[PDB]
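Enquirer: Below is the file upload-v5.cif, which contains mmCIF, N, CA and C atoms.
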data_input
#
loop_
_atom_site.label_atom_id
_atom_site.label_comp_id
_atom_site.auth_asym_id
_atom_site.auth_seq_id
_atom_site.Cartn_x
_atom_site.Cartn_y
_atom_site.Cartn_z
N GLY A 116 0.83 -1.20 0.00
CA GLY A 116 0.00 0.00 0.00
C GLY A 116 0.85 1.23 0.00
N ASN A 117 0.23 2.38 -0.10
CA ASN A 117 0.96 3.63 -0.12
C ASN A 117 1.04 4.22 1.25
N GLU A 118 2.17 4.80 1.55
CA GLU A 118 2.41 5.38 2.84
C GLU A 118 1.96 6.84 2.88
N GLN A 119 2.17 7.48 4.01
CA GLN A 119 1.90 8.89 4.16
C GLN A 119 2.88 9.65 3.29
N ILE A 120 2.39 10.26 2.24
CA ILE A 120 3.26 11.02 1.37
C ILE A 120 3.35 12.45 1.84
N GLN A 121 4.51 13.03 1.69
CA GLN A 121 4.72 14.40 2.07
C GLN A 121 4.41 15.32 0.90
N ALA A 122 3.14 15.50 0.63
CA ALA A 122 2.72 16.33 -0.48
C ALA A 122 2.54 17.76 -0.02
N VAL A 123 1.60 17.98 0.86
CA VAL A 123 1.32 19.31 1.36
C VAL A 123 0.84 19.22 2.80
N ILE A 124 1.20 20.18 3.61
CA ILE A 124 0.78 20.20 4.99
C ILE A 124 -0.49 21.05 5.11
N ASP A 125 -1.41 20.61 5.92
CA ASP A 125 -2.66 21.30 6.11
C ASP A 125 -3.07 21.06 7.56
N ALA A 126 -4.28 21.34 7.90
CA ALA A 126 -4.76 21.16 9.24
C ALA A 126 -6.03 20.34 9.20
N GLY A 127 -7.09 20.95 8.72
CA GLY A 127 -8.36 20.28 8.62
C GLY A 127 -9.45 21.04 9.34
N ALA A 128 -10.66 20.97 8.82
CA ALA A 128 -11.80 21.66 9.41
C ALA A 128 -13.08 21.02 8.94
N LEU A 129 -14.11 21.01 9.82
CA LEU A 129 -15.46 20.49 9.51
C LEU A 129 -15.42 18.96 9.26
N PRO A 130 -16.56 18.27 8.90
CA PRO A 130 -16.54 16.83 8.55
C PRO A 130 -15.53 16.48 7.48
N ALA A 131 -15.06 17.46 6.73
CA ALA A 131 -14.08 17.22 5.69
C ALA A 131 -12.79 16.62 6.26
N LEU A 132 -12.52 16.85 7.55
CA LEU A 132 -11.36 16.26 8.18
C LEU A 132 -11.58 14.76 8.41
N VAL A 133 -12.82 14.38 8.66
CA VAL A 133 -13.16 13.00 8.92
C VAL A 133 -13.40 12.22 7.65
N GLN A 134 -13.95 12.90 6.65
CA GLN A 134 -14.47 12.27 5.43
C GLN A 134 -13.54 11.27 4.74
N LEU A 135 -12.26 11.50 4.84
CA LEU A 135 -11.26 10.65 4.20
C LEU A 135 -11.14 9.30 4.90
N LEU A 136 -11.71 9.20 6.08
CA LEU A 136 -11.72 7.96 6.83
C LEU A 136 -12.62 6.96 6.14
N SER A 137 -13.69 7.44 5.56
CA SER A 137 -14.62 6.57 4.91
C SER A 137 -14.31 6.38 3.43
N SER A 138 -13.11 6.73 3.04
CA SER A 138 -12.69 6.61 1.71
C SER A 138 -12.64 5.10 1.29
N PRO A 139 -12.95 4.78 0.01
CA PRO A 139 -12.80 3.39 -0.53
C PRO A 139 -11.30 3.14 -0.76
N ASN A 140 -10.67 4.23 -1.05
CA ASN A 140 -9.38 4.39 -1.41
C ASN A 140 -8.53 4.61 -0.20
N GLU A 141 -8.18 3.50 0.41
CA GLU A 141 -7.36 3.44 1.61
C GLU A 141 -6.01 4.05 1.36
N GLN A 142 -5.59 3.97 0.13
CA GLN A 142 -4.32 4.52 -0.28
C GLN A 142 -4.39 6.03 -0.22
N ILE A 143 -5.42 6.62 -0.85
CA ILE A 143 -5.49 8.08 -0.86
C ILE A 143 -5.84 8.60 0.51
N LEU A 144 -6.56 7.75 1.29
CA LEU A 144 -6.82 8.03 2.70
C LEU A 144 -5.48 8.36 3.35
N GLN A 145 -4.54 7.42 3.21
CA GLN A 145 -3.19 7.51 3.75
C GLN A 145 -2.41 8.71 3.22
N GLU A 146 -2.59 9.00 1.95
CA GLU A 146 -1.93 10.14 1.30
C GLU A 146 -2.32 11.46 1.96
N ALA A 147 -3.61 11.72 2.00
CA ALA A 147 -4.13 12.99 2.53
C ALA A 147 -4.08 13.02 4.04
N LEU A 148 -4.03 11.84 4.63
CA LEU A 148 -3.98 11.64 6.08
C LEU A 148 -2.85 12.42 6.66
N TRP A 149 -1.76 12.45 5.95
CA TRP A 149 -0.56 13.15 6.38
C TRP A 149 -0.86 14.62 6.74
N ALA A 150 -1.71 15.24 5.97
CA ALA A 150 -2.07 16.61 6.19
C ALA A 150 -3.22 16.72 7.20
N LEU A 151 -4.14 15.80 7.10
CA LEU A 151 -5.38 15.81 7.89
C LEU A 151 -5.23 15.28 9.32
N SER A 152 -4.37 14.31 9.51
CA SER A 152 -4.20 13.63 10.80
C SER A 152 -3.72 14.58 11.90
N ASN A 153 -3.13 15.71 11.50
CA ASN A 153 -2.62 16.72 12.45
C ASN A 153 -3.72 17.21 13.40
N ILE A 154 -4.99 17.04 12.98
CA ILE A 154 -6.17 17.31 13.81
C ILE A 154 -6.06 16.58 15.16
N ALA A 155 -5.60 15.36 15.10
CA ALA A 155 -5.49 14.52 16.26
C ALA A 155 -4.39 14.99 17.23
N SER A 156 -3.51 15.84 16.74
CA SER A 156 -2.42 16.36 17.53
C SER A 156 -2.89 17.56 18.36
N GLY A 157 -4.01 18.14 17.99
CA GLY A 157 -4.56 19.25 18.72
C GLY A 157 -5.69 18.78 19.59
N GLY A 158 -5.39 18.55 20.87
CA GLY A 158 -6.38 17.99 21.80
C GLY A 158 -7.66 18.80 21.88
N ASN A 159 -7.52 20.07 22.07
CA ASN A 159 -8.67 20.96 22.11
C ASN A 159 -8.90 21.44 20.71
N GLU A 160 -10.14 21.84 20.41
CA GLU A 160 -10.55 22.37 19.09
C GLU A 160 -10.54 21.31 17.98
N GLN A 161 -9.39 20.77 17.69
CA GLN A 161 -9.24 19.82 16.62
C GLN A 161 -9.74 18.41 17.01
N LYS A 162 -9.15 17.82 18.02
CA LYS A 162 -9.47 16.45 18.45
C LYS A 162 -10.93 16.29 18.93
N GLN A 163 -11.56 17.39 19.30
CA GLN A 163 -12.95 17.36 19.78
C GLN A 163 -13.93 17.28 18.60
N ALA A 164 -13.46 17.70 17.45
CA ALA A 164 -14.27 17.81 16.24
C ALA A 164 -14.75 16.48 15.78
N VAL A 165 -13.83 15.58 15.77
CA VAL A 165 -13.93 14.27 15.16
C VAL A 165 -15.20 13.48 15.57
N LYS A 166 -15.62 13.63 16.81
CA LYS A 166 -16.76 12.90 17.34
C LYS A 166 -18.02 13.41 16.63
N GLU A 167 -18.16 14.71 16.66
CA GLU A 167 -19.23 15.44 16.09
C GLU A 167 -19.19 15.34 14.57
N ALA A 168 -17.98 15.36 14.02
CA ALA A 168 -17.72 15.25 12.59
C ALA A 168 -18.17 13.89 12.05
N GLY A 169 -18.22 12.90 12.91
CA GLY A 169 -18.68 11.61 12.49
C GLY A 169 -17.57 10.61 12.34
N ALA A 170 -16.59 10.65 13.23
CA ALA A 170 -15.46 9.73 13.17
C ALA A 170 -15.87 8.32 13.49
N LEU A 171 -16.86 8.16 14.35
CA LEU A 171 -17.35 6.82 14.69
C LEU A 171 -18.11 6.26 13.51
N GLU A 172 -18.80 7.15 12.83
CA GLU A 172 -19.55 6.82 11.65
C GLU A 172 -18.57 6.46 10.52
N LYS A 173 -17.59 7.32 10.34
CA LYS A 173 -16.57 7.19 9.33
C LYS A 173 -15.72 5.94 9.50
N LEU A 174 -15.47 5.60 10.75
CA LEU A 174 -14.63 4.48 11.14
C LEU A 174 -15.10 3.15 10.54
N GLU A 175 -16.41 2.89 10.60
CA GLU A 175 -17.00 1.66 10.21
C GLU A 175 -16.68 1.23 8.77
N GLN A 176 -16.63 2.17 7.86
CA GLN A 176 -16.34 1.90 6.45
C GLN A 176 -14.93 1.38 6.30
N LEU A 177 -14.06 2.04 7.00
CA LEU A 177 -12.64 1.80 6.96
C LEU A 177 -12.27 0.55 7.76
N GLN A 178 -13.10 0.20 8.68
CA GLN A 178 -12.92 -1.05 9.44
C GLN A 178 -12.98 -2.29 8.52
N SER A 179 -13.51 -2.12 7.32
CA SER A 179 -13.59 -3.18 6.32
C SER A 179 -12.35 -3.12 5.38
N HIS A 180 -11.31 -2.48 5.88
CA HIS A 180 -10.01 -2.24 5.21
C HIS A 180 -9.39 -3.48 4.53
N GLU A 181 -8.63 -3.23 3.50
CA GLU A 181 -7.88 -4.24 2.79
C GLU A 181 -6.38 -4.09 3.12
N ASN A 182 -6.01 -2.89 3.57
CA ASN A 182 -4.62 -2.54 3.92
C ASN A 182 -4.43 -2.65 5.38
N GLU A 183 -3.30 -3.14 5.67
CA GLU A 183 -2.86 -3.44 6.95
C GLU A 183 -2.46 -2.18 7.78
N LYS A 184 -1.82 -1.18 7.14
CA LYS A 184 -1.41 0.07 7.83
C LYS A 184 -2.63 0.80 8.31
N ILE A 185 -3.67 0.65 7.53
CA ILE A 185 -4.95 1.26 7.73
C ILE A 185 -5.51 1.04 9.17
N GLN A 186 -5.11 -0.06 9.82
CA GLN A 186 -5.51 -0.31 11.20
C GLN A 186 -5.03 0.78 12.17
N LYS A 187 -3.86 1.33 11.92
CA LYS A 187 -3.33 2.36 12.80
C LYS A 187 -4.03 3.67 12.44
N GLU A 188 -4.35 3.80 11.18
CA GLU A 188 -4.97 5.00 10.65
C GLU A 188 -6.40 5.13 11.23
N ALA A 189 -7.08 3.99 11.31
CA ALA A 189 -8.42 3.88 11.89
C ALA A 189 -8.39 4.20 13.37
N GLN A 190 -7.56 3.45 14.09
CA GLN A 190 -7.50 3.54 15.52
C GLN A 190 -6.96 4.87 16.01
N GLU A 191 -6.25 5.59 15.14
CA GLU A 191 -5.70 6.92 15.43
C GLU A 191 -6.79 7.84 16.04
N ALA A 192 -7.91 7.95 15.35
CA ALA A 192 -9.00 8.83 15.80
C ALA A 192 -9.80 8.16 16.89
N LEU A 193 -9.93 6.84 16.80
CA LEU A 193 -10.69 6.00 17.73
C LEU A 193 -10.26 6.32 19.14
N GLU A 194 -9.00 6.11 19.33
CA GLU A 194 -8.27 6.28 20.46
C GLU A 194 -8.48 7.63 21.10
N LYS A 195 -8.18 8.59 20.33
CA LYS A 195 -8.15 9.94 20.71
C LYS A 195 -9.51 10.61 20.88
N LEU A 196 -10.56 10.08 20.29
CA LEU A 196 -11.81 10.65 20.49
C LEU A 196 -12.45 10.07 21.73
N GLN A 197 -12.17 8.80 21.98
CA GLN A 197 -12.72 8.13 23.12
C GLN A 197 -12.15 8.71 24.39
N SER A 198 -12.91 8.70 25.44
CA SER A 198 -12.42 9.21 26.69
C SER A 198 -11.65 8.10 27.39
N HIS A 199 -10.46 8.42 27.83
CA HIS A 199 -9.57 7.47 28.46
C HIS A 199 -8.50 8.22 29.23
#
Any chance you could give the structure as structure tokens?
Expert:
Amino acid sequence: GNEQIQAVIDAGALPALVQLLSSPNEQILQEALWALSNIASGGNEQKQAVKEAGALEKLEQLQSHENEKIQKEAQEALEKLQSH
């Protein structure tokens, strides 16, 4: 599969930050993830979005993954949105 490519750095906003989770294209998920995943690094504002954005909803599609790296990509938001 394709790894996190260093194409462009971004942040993310609205459900658009989550939307790539439900991508069919696990590869492009991973590609754009590099820019989008930074949301998870911001505990307040960013990391709080994901729940409301539909990360639990988004997760389910990707849980049917064909790529193995994708498990970390899935659990990335899982982890961080859940209270622990």
Enquirer: Determine, counting only N, CA and C atoms, which protein, DNA and RNA residues have an atom within 8 Å of an atom of stretch 157-172 of chain A; residues of the same chain fewer than 6 positions away are not included. Present the result as a list in words.
Expert: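 That gives residues 127, 128, 129, 130, 131, 132, 133, 134, 136, 137, 192, 193, 195, 196 and 197 of chain A.
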Enquirer: Looking only at helix (DSSP H, G or I) from DSSP on the backbone, list the matching residues of chain A as an NGL selection string.
Expert: :A and (130-132 or 134-137 or 141-156 or 164-168 or 170-177 or 185-196)
Enquirer: Hey, can you check how far atom CA of residue A:146 sits from atom CA of residue A:199?
Expert: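 If I compute the distance from atom CA of residue A:146 to atom CA of residue A:199, I get 28.3 Å.
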Enquirer: Hey, what's within 8 Å of residue A:124 if we count only N, CA and C atoms and toss same-chain stuff fewer than 4 positions away? As number ranges by chain, please?
Expert: A: 149-151
Enquirer: I need the residue nearest residue A:145 from this list: A:118, A:125, A:190, A:183. Use only C-alpha atoms for the distance.
Expert: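 Closest to residue A:145, using only C-alpha atoms: A:118.
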